[PDB]
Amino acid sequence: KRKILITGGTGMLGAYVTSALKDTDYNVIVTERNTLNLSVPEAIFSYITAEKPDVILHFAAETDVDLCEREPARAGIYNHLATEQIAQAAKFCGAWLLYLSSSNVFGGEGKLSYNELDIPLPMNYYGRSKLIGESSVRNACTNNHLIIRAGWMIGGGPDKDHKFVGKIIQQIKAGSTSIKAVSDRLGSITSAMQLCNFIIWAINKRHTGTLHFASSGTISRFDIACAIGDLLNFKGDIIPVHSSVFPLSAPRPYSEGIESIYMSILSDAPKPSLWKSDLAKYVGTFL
């Protein structure tokens, strides 16, 4: 009975993957605070090696970009040091390791979109911590790992989405007359449900390498808010604003847009589509 060990299983993407794995023959182990804690990297190696998993899905991370900037030690411990121990454990167990990374490894060059050939050059501590986390993974598990870079993640549905999409929908449904959205920072959206489907396919094929997974289109939060407004027949105003209006601890690049040049050779794989279409399917689940 093939074993899968999952970190961040109660996270948004993790919950989808954990649920999808229930109708399979895998023995799934969802780590908890008492068995695996990113703040205690020294206890990770012994735990994972004793479990002897065949597959490791490493989704746990410190994703508060601003907290990472104020407390780079936390970004480092949680995203770099803990990942290194997981990578060393994976290598010792001979386990295939999936590492969820981020479009934030890019931004420093200042161009509009980055593909798998672009050399990462981060703009903040979150991105740096994820980048060194990737290095740890590909050095320890060279021919047996998969690194997936996601953009701005959308997922959770009405009951669990407390991120951008859920917030914009909340404001519309509460009868707000004007909603402000940043128009001078660009990125790409990644549907968590879609990514989940891809991951299930990747586990079964034991796909390896580095891949960018995001809907096509380089857009702003303002563009996204406007699209949501159209879908819900919003009557108020969506106001485009500059970043300066909402000061934040971490610098954000002009764009963290990502596209893939390698997704198309994955013949049977579940793939993303156009951002508006993928956003519309997700927004539809709010009824």
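Start at 1 with the first residue shown and count on from there.
- When the two stretches 43-51 and 61-69 are set side by side, the higher mean Cα temperature factor goes to 43-51.
- Per-stretch averaging of Cα B factors for 18-26 and 265-273 places 18-26 on top.
- Ranking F234, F222, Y254, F246 by Cα temperature factor from the entry places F234 first.
- When the C-alpha B-factors of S113, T142, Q171, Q194 are read from the PDB record, the largest value belongs to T142.
- In the deposited entry, the Cα temperature factor of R128 places it in the lowest third of its chain's modelled residues.
- Residue-level temperature factors show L98 in the middle third of its chain, judged at the C-alpha atom.
- Placement of the Cα temperature factor of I148 within the chain: lowest third of the modelled residues, per the deposited record.
- When all modelled residues of the chain are sorted by CA temperature factor, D159 is found within the highest third.
- For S178, the recorded CA B-factor ranks within the highest third of the chain. Only modelled residues enter the ranking.
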